[PDB]
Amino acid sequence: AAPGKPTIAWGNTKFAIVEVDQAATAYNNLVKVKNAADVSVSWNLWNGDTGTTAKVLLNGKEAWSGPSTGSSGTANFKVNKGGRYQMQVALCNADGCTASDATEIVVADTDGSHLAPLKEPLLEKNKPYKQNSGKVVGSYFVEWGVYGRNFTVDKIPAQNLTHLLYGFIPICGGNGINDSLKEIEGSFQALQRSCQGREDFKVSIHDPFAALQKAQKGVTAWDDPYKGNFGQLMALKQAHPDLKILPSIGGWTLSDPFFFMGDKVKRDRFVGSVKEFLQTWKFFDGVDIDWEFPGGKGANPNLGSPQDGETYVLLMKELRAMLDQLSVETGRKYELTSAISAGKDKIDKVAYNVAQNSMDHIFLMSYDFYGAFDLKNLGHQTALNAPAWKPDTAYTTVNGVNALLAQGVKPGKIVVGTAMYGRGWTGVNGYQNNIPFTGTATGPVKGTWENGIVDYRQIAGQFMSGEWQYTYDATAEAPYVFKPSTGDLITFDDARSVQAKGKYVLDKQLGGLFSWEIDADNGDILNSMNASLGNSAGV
């Protein structure tokens, strides 16, 4: 007679190919990449002959075999592909095999293959669009927005994007290497702890709790190996396999290490660590380089060199060569992008006409033209054109685009930026002919989260009523709200100015639109980005 039917023992059924150490703060100890997950199964036979060979089947296919030597047994084996498997134990003898009932096991991998898709409803005023225009529609999600801003990955209107950028992946380094971090409370120290035992100029994760361990929708079970932003982004990938999810390296306070990369020893180490990062976190589709800025004038007044333009071009070439190698190793397409200043003085420090051949998209940061960092010279922070009262205005979207085009940049490489936030001053005074920008300011506007900056959501909800004037400058293509009693002035993007930007992209055959930052929108801005680029409504 064939053996009796085995009973699978109660036990852990969740295993991981990339293991996360739950009691570690250093990136080196936090994640362990393996070739395969170590899986274990046990069984009991309560009735009959135990057979002579015991087998573990995954979807009917043997993953382990051994002699059946007792009424209880244990099998330890490796599984090298993520997913969910119907696991059975079978006991075989010459008269037949008898298989247990199936027990599902989970083999986790960083592509999210073990995760149910994160298909969440659109919130606030977001409306569904199809990504059928062929244009880029991108936005940055910020790692730290899961705290005070309470904006998690399940709130991303993901179907309305082609590109989702994750700000920011840091570059390891202490004194002299990340000094700009020291201006943010605890930020420098958090990176040093993450980078303990890790060489300078390798990438890491700045807030491993937010990125990997904070409970979030769809990743709340204690033995879910990936939680936080990364876990949710994995599940988001499962729901939207065509979404490009790019890690962004740099930003305003994490850009200092780029300035040392004229040393090819450091550059090589950085490029190698980006490759390892992408082999580790398989849901990511490439890399975004947010170096602010080649040549200086970033957060750090002690950094910036005329060599930076050559360093940038070399970095883009070597990153592309690494990504090409990754691409043919995996059969995937990987993208290389960069967020760049839109000011002509900064643009002409770099030969983008050369670098463009390595790059899929240039995210032109056509915003922060004006703000509370300058209380004397006011203007539209993100306008398309110069205003009528100052047609020679240096800092406009068109002037940044024109600088790139004059270098020889192909128009299709250029993605125009929109702002999901306003910048603002207080105490504006001494202006002429009812144009508050011709005056001067006494300080920053009170901000949503920091001085001088207001979420678009708060502008729409709070500063579009009462005493606030509203004006759409049709020459600049830029709205602004003004409270005369206090001199509060805010410059921002709205649905109409975004529409002008989208129409401009289509007319000049540019690459699309991207935005900073996705948590601050109520839907109006992203809706207009999709509509103005010719994306069809619907799902």
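Heads up: residue numbers just count along the shown sequence, starting at 1.
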- prompt: Which is higher in the entry, the mean Cα B factor of 425-433 or that of 330-338?
  reply: 425-433
message: Test of understanding: from the entry's C-alpha B-factors, which stretch has the higher mean, 366-374 or 170-178?
response: 366-374
- prompt: Say you rank 406, 233, 274, 246 by Cα B-factor from the PDB entry; which sits at the top?
  reply: 406
field: Peak C-alpha temperature factor (PDB record), options 289, 164, 453, 107
entry: 453
- request: Sort the modelled residues of this chain by their C-alpha B factor and say whether residue 512 lands in the lowest, middle or highest third.
  value: lowest
query: Should residue 8 be placed in the lowest, middle or highest third of its chain by the C-alpha B factor in the entry?
result: lowest
- line: residue 495: CA B-factor among chain residues, third -> middle
Within-chain third of residue 279 by Cα B-factor, per the entry: middle
message: Test of reading the entry: by CA B factor among the chain's modelled residues, which third contains residue 252?
response: middle
